[PDB]
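Asker: Structure incoming, see below.
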Amino acid sequence: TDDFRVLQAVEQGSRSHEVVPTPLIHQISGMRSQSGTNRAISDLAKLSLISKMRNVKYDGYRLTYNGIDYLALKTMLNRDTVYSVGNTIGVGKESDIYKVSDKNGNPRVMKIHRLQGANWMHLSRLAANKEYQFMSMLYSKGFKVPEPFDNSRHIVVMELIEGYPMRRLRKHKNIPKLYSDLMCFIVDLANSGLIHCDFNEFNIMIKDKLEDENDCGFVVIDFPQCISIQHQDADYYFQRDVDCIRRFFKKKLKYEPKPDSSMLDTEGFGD
Amino acid sequence: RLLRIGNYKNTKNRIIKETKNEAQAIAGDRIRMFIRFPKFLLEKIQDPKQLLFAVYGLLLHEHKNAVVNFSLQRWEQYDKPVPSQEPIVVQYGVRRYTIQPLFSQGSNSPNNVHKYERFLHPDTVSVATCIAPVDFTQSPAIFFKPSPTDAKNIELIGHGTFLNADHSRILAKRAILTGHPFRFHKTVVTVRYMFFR
RNA sequence: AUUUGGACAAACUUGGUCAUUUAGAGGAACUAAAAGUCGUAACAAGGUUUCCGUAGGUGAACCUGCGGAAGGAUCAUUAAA
RNA sequence: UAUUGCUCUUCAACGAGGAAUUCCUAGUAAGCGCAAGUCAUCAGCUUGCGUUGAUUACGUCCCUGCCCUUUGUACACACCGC
RNA sequence: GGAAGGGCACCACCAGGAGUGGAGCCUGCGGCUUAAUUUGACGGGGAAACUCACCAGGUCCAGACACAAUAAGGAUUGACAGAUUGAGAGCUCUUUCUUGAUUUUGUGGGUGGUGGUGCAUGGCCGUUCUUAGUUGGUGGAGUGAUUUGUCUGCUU
RNA sequence: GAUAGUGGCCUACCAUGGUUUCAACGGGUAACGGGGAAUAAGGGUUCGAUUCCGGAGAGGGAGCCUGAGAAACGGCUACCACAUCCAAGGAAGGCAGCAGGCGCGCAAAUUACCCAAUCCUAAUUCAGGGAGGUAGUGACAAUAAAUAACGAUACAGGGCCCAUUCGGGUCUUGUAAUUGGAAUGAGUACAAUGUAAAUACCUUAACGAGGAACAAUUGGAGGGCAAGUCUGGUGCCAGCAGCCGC
């Protein structure tokens with residue numbers, strides 16, 4: 001409790017100034033002697049959790065990406081989250097995705113964000129908060145999407161979903177209803193006011209419950225591509241979504257549309 | 001099955017206040033006292049002008065056990081060792097009880113967790129932690145070891161004080177597992193003879 | 001021995017006043033090498049010419065009238081040498 | 001758990017490929033093979049060689065950064081609400 | 001000082017070219033698994049033996065000198081063939097016998113430092129800042145600290 | 001009038017004066033005044049209950065007898081406050097004198113000896129004197145100054161001149177709980193001196209040290225400020241404490 005509290009205090013000793021000198025980490029902690037502060041900073045620096053910037057007549061301490069997530073783990077110790085860390089499935093551009101587990105033993109997904117001194121951390125924070133709010137907007141509207149657990153300042157911990165992408169999915173039996181689904185869902189996107197331009201094969205994720213009841217769903221992860229309908233180029237974005245669905249269903253599922261697909265002028269009488 | 005008094009000093013002073021409230025006959029009086037006294041102990045009733053026969057009053061629940069803590073400093077020129085397991089008779093208050101006390105170090109713990117020593121520490125003051133009935137006066141204590149070999153039937157180990165009726169003061173034995181770092185690929189080191197399985 | 005009247009005048013009582021030693025009893029407030037709770041702790045940050053007098057409303061704070069001070073960073077541009 | 005080479009047969013995903021990513025101005029790119037070291041056997045490993053041989057710049061600091069400087073400065077550490 | 005200005009670069013952008021990430025497979029890392037998947041961040045780390053640094057086992061050879069015993073009718077060390085011997089190789093005792101104090105056992109300061117990590121000294125393969133603007137000698141003026149050199153301009 | 005005696009000292013009758021920023025009057029004092037004490041180049045600052053002089057008081061007030069002299073406390077009377085004995089009727093009391101006790105507090109000595117000094121009192125050379133002197137207790141201060149001094153050896157040096165080398169002596173160190181012969185008081189004590197009697201001092205027969213114990217302590221060793229670049233433990237009572245602190 002206590003060491004994590006003092007590490008939270010020097011976390012709160014970051015939102016005061018720029019690159020923090022040694023005596024501010026001495027005094028913001030407010031600890032007893034030279035021992036705790038100096039040996040803690042040395043434990044940080046040897047684990048690369050802190051770095052020394054010595055700009056003339058001026059010692060200072062430079063926090064890298066390492067010595068933050070513990071506090072996030074402490075922030076997630078508060079919010080009942082992950083206990084065990086590490087299984088690499090997917091190293092993305094603006095996040096690194098890991099498979100983790102709680103005290104309860106259910107596996108979850110840990111997207112750490114790495115987008116120094118304040119701005120790498122803070123822009124990872126803005127990215128995590130923005131994606132968490134977009135996930136909140138999608139789940140509040142009712143879109144079938146993974147359920148968010150938390151957004152530990154810059155690391156998003158969410159659920160794991162049993163799905164595999166459509167590139168390894170040959171076909172299903174109810175192909176025209178799947179086409180009506182992947183038309184009406186982009187219709188629902190235009191009724192939300194947004195167009196997800198990367199509506200590709202690798203986006204769409206299908207969970208598979210049974211083979212008799214047919215009670216399943218979908219997962220759509222296109223977050224840095226959703227564009228409002230008011231922008232300059234949304235017409236052929238919508239048409240690229242529709243036509244990628246149609247060209248995939250012609251190439252893979254060998255299905256041509258008997259009803260005509262919706263245009264942007266069709267969906268202008270929507271939202 | 002121990003009597004757990006929360007704070008010794010305040011409850012002690014309050015029970016002293018209760019006793020001064022309940023002083024039925026004050027100092028300076030003469031009393032015909034009738035004490036409950038069995039038949040078989042009449043054989044030690046001695047001539048009272050020939051043997052000293054004092055009568056000392058007690059307080060509330062000084063008869064009930066607690067985990068009580070005594071101070072102890074070693075007697076001077078007493079270089080003989082004594083473990084935390086020998087029976088040793090303790091004079092506190094007026095009562096001289098045979099006690100097997102746990103020898104601990106009284107250095108202040110925030111969680112009230114202390115070490116267990118095997119023997120008495122030869123240099124500084126230790127604490128005797130033991131299941132024993134309580135004192136309410138913080139009396140001087142004197143520790144000894146009954147021996148008919150000496151002139152007196154007493155070998156003085158030291159002296160001390162009834163410190164506390166504290167049950168949160170708990171003890172722990174350390175065991176160290178030791179090995180020699182034989183060969184140095186300086187960071188990743190092969191250490192030899194610590195564990196065997 | 002006793003006794004009249006005087007001045008000297010110790011003291012005593014009665015009140016009323018301050019100045020206190022107290023005891024008790026009534027209340028109020030300050031603290032924790034005390035321990036747990038919610039409020040803004042585990043929360044965001046924000047204001048930033050600075051003051052002086054006076055008046056007002058205030059709120060966790062502080063602002064607005066009237067008049068002074070600089071204890072505030074004079075460039076250029078007319079002439080001179 | 002086939003070093004590898006040869007013969008016949010079995011003939012899968014894969015209908016020019018997403019978010020994103022790399023290198024590059026003339027014999028250069030690209031395509032191609034060969035030779036030399038790894039070599040007891042084989043390369044999809046590395047290096048040199050030669051054959052065929054484009055498009056398009058010859059501009060820019062707009063992105064990416066890298067520096068080089070100029071100096072408005074340290075509030076030389078001030079008040080607070082907290 | 002989170003001022004602005006130039007380079008000047010296809011590890012930057014525009015004109016494009018070949019592309020990767022799309023399919024299968026080769027190959028390097030991480031993860032899992034194990035008894036081991038040896039170990040680093042191409043390691044000349046190409047690969048059944050070796051290389052092997054890792055596992056399952058089976059084994060030799062330890063240990064100097066001193067020092068108390070033990071003796072050539074025997075301490076023992078070796079050339080052996082058979083009983084061996086489990087997967088292989090060792091190992092023990094029956095002779096044919098060399099035996100010859102090399103003794104054997106158990107110890108005492110440490111030979112062994114082919115057990116090593118630290119202190120100094122000298123010094124070195126890849127080096128690299130492959131110093132593309134700076135230094136100091138003074139001057140002077142300023143208690144110190146400092147000014148100039150190290151600049152208005154123009155130019156490479 | 002009263003007094004020893006002037007004097008509002010008091011009384012009768014008259015006036016309406018007297019003091020004051022040059023500080024009256026009131027208030028405070030952990031204020032007896034002075035000779036003096038401590039400390040400084042000078043000038044000053046602060047103490048003076050306390051050995052000499054003067055004042056005042058004898059639990060608090062008051063009043064008085066005697067006498068040249070007292071508003072006297074080791075004289076009286078009354079009140080107030082304490083307090084003693086008692087056969088309950090009565091009767092005695094003042095240590096801010098010398099000793100001594102309680103209380104109080106950081107804080108302060110013996111219920112000893114003596115009039116031999118120095119003086120004083122009386123009817124007086126003689127008697128008397130806790131005035132005073134003497135001794136005890138006494139680290140209040142102050143003066144003087146034991147806890148060692150010489151040799152020889154070696155060994156290690158250094159220096160002086162002769163060194164060509166040895167060695168020829170002059171010193172001075174260091175050690176060696178190595179050795180030698182000396183000196184003497186602390187202490188004990190015949191005696192004598194001392195003194196009223198003693199104790200002590202000054203003398204002195206006879207003892208009295210290698211002194212591995214006739215054993216010198218108190219505070220320090222970052223800087224101020226002389227002294228550690230030393231070792232161990234600590235580093236859960238510890239970077240700590242006139243100041244700064246690492």
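Labels for the structure tokens follow display order: chains A, B, ..., residues from 1 in each chain, ligands from 1.
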Taking only C-alpha atoms (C1' of nucleotides) into account, which residues of chain F are within 12 Å of chain A, as a list in words?

Answerer: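 Residues passing the distance filter: residues 235, 238, 239 and 246 of chain F.
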
Asker: Could you dump the residues just selected with N, CA and C atoms (P, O5', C5', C4', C3', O3' and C1' of nucleotides) as a PDB file, in the first residue's frame?

Answerer:
```pdb
ATOM      1  P     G F 235      20.152  -1.197  13.321  1.00  0.00           P
ATOM      2  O5'   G F 235      19.672  -0.171  12.207  1.00  0.00           O
ATOM      3  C5'   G F 235      19.912   1.220  12.336  1.00  0.00           C
ATOM      4  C4'   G F 235      20.324   1.810  11.020  1.00  0.00           C
ATOM      5  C3'   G F 235      19.918   1.017   9.786  1.00  0.00           C
ATOM      6  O3'   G F 235      18.603   1.330   9.363  1.00  0.00           O
ATOM      7  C1'   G F 235      22.186   1.749   9.618  1.00  0.00           C
ATOM      8  P     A F 238      19.304   5.928  18.306  1.00  0.00           P
ATOM      9  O5'   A F 238      19.585   6.830  17.032  1.00  0.00           O
ATOM     10  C5'   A F 238      20.823   6.734  16.355  1.00  0.00           C
ATOM     11  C4'   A F 238      20.634   6.214  14.958  1.00  0.00           C
ATOM     12  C3'   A F 238      20.157   7.221  13.929  1.00  0.00           C
ATOM     13  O3'   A F 238      21.087   8.232  13.517  1.00  0.00           O
ATOM     14  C1'   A F 238      18.885   5.257  13.706  1.00  0.00           C
ATOM     15  P     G F 239      22.546   7.959  12.880  1.00  0.00           P
ATOM     16  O5'   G F 239      22.451   8.643  11.443  1.00  0.00           O
ATOM     17  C5'   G F 239      21.189   8.917  10.844  1.00  0.00           C
ATOM     18  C4'   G F 239      20.875  10.386  10.871  1.00  0.00           C
ATOM     19  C3'   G F 239      19.642  10.806  10.080  1.00  0.00           C
ATOM     20  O3'   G F 239      18.911  11.778  10.817  1.00  0.00           O
ATOM     21  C1'   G F 239      21.570  11.963   9.268  1.00  0.00           C
ATOM     22  P     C F 246      23.731  19.088   4.721  1.00  0.00           P
ATOM     23  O5'   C F 246      24.798  18.627   3.625  1.00  0.00           O
ATOM     24  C5'   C F 246      24.913  17.268   3.218  1.00  0.00           C
ATOM     25  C4'   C F 246      26.131  16.624   3.827  1.00  0.00           C
ATOM     26  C3'   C F 246      26.059  15.109   4.018  1.00  0.00           C
ATOM     27  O3'   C F 246      26.453  14.356   2.877  1.00  0.00           O
ATOM     28  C1'   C F 246      26.698  16.157   6.060  1.00  0.00           C
TER      29        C F 246
END
```

Asker: What are the nearest atom pairs, with distances in Å to one decimal, for all residues of chain C that come at most 12 Å from chain A, using only C-alpha atoms (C1' of nucleotides), set out by chain and rising residue number as JSON lines?

Answerer:
```
{"residue": "C:42", "atom": "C1'", "partner": "A:78", "partner_atom": "CA", "distance": 8.6}
{"residue": "C:43", "atom": "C1'", "partner": "A:12", "partner_atom": "CA", "distance": 12.0}
{"residue": "C:44", "atom": "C1'", "partner": "A:15", "partner_atom": "CA", "distance": 11.7}
{"residue": "C:45", "atom": "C1'", "partner": "A:15", "partner_atom": "CA", "distance": 10.1}
```

Asker: Go ahead and write the residues just picked, N, CA, C and O atoms (P, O5', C5', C4', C3', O3' and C1' of nucleotides), as a PDB file, in the first residue's frame.

Answerer:
```pdb
ATOM      1  P     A C  42      -6.042  12.964  -4.785  1.00  0.00           P
ATOM      2  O5'   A C  42      -6.375  11.411  -4.680  1.00  0.00           O
ATOM      3  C5'   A C  42      -5.957  10.516  -5.708  1.00  0.00           C
ATOM      4  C4'   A C  42      -7.055   9.566  -6.130  1.00  0.00           C
ATOM      5  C3'   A C  42      -8.474   9.956  -5.723  1.00  0.00           C
ATOM      6  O3'   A C  42      -9.384   9.582  -6.757  1.00  0.00           O
ATOM      7  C1'   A C  42      -7.929   7.838  -4.802  1.00  0.00           C
ATOM      8  P     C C  43      -9.585  10.531  -8.040  1.00  0.00           P
ATOM      9  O5'   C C  43      -9.266  11.996  -7.499  1.00  0.00           O
ATOM     10  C5'   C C  43     -10.298  12.838  -7.001  1.00  0.00           C
ATOM     11  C4'   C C  43     -10.443  14.080  -7.838  1.00  0.00           C
ATOM     12  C3'   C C  43      -9.231  14.476  -8.664  1.00  0.00           C
ATOM     13  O3'   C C  43      -9.123  13.726  -9.863  1.00  0.00           O
ATOM     14  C1'   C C  43     -10.153  16.388  -7.587  1.00  0.00           C
ATOM     15  P     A C  44      -7.893  13.951 -10.874  1.00  0.00           P
ATOM     16  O5'   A C  44      -8.459  15.008 -11.923  1.00  0.00           O
ATOM     17  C5'   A C  44      -7.758  16.207 -12.216  1.00  0.00           C
ATOM     18  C4'   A C  44      -8.688  17.281 -12.723  1.00  0.00           C
ATOM     19  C3'   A C  44      -8.020  18.557 -13.208  1.00  0.00           C
ATOM     20  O3'   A C  44      -7.501  18.461 -14.522  1.00  0.00           O
ATOM     21  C1'   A C  44      -9.761  19.126 -11.736  1.00  0.00           C
ATOM     22  P     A C  45      -5.919  18.283 -14.749  1.00  0.00           P
ATOM     23  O5'   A C  45      -5.467  19.629 -15.474  1.00  0.00           O
ATOM     24  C5'   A C  45      -4.981  20.736 -14.730  1.00  0.00           C
ATOM     25  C4'   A C  45      -6.109  21.618 -14.263  1.00  0.00           C
ATOM     26  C3'   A C  45      -5.875  23.116 -14.349  1.00  0.00           C
ATOM     27  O3'   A C  45      -6.073  23.631 -15.653  1.00  0.00           O
ATOM     28  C1'   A C  45      -6.804  22.583 -12.245  1.00  0.00           C
TER      29        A C  45
END
```

Asker: Report as a ChimeraX atom specification the set of chain B residues whose atoms approach chain E to within 9 Å, with distances computed over only C-alpha atoms (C1' of nucleotides).

Answerer: /B:182-184

Asker: Residues within 12 Å of residue B:33, please, as a count of residues only. Count only C-alpha atoms (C1' of nucleotides); anything in the same chain fewer than 6 positions from it doesn't count.

Answerer: 3

Asker: Any idea what's packed within 12 Å of residue E:140, counting only C-alpha atoms (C1' of nucleotides), ignoring anything in its chain fewer than 3 positions away? Could you give it as a PDB file with C-alpha atoms (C1' of nucleotides), in the first residue's frame?

Answerer:
```pdb
ATOM      1  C1'   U E 147      33.331  42.409 -21.755  1.00  0.00           C
ATOM      2  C1'   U E 148      36.489  41.848 -26.267  1.00  0.00           C
ATOM      3  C1'   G E 149      38.875  38.440 -29.273  1.00  0.00           C
TER       4        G E 149
END
```

Asker: Just asking: which residues within stretch 26-224 of chain A are helix (DSSP H, G or I) according to DSSP, as a VMD selection string?

Answerer: chain A and resid 26 to 29 34 to 46 66 to 78 119 to 141 166 to 168 175 to 192
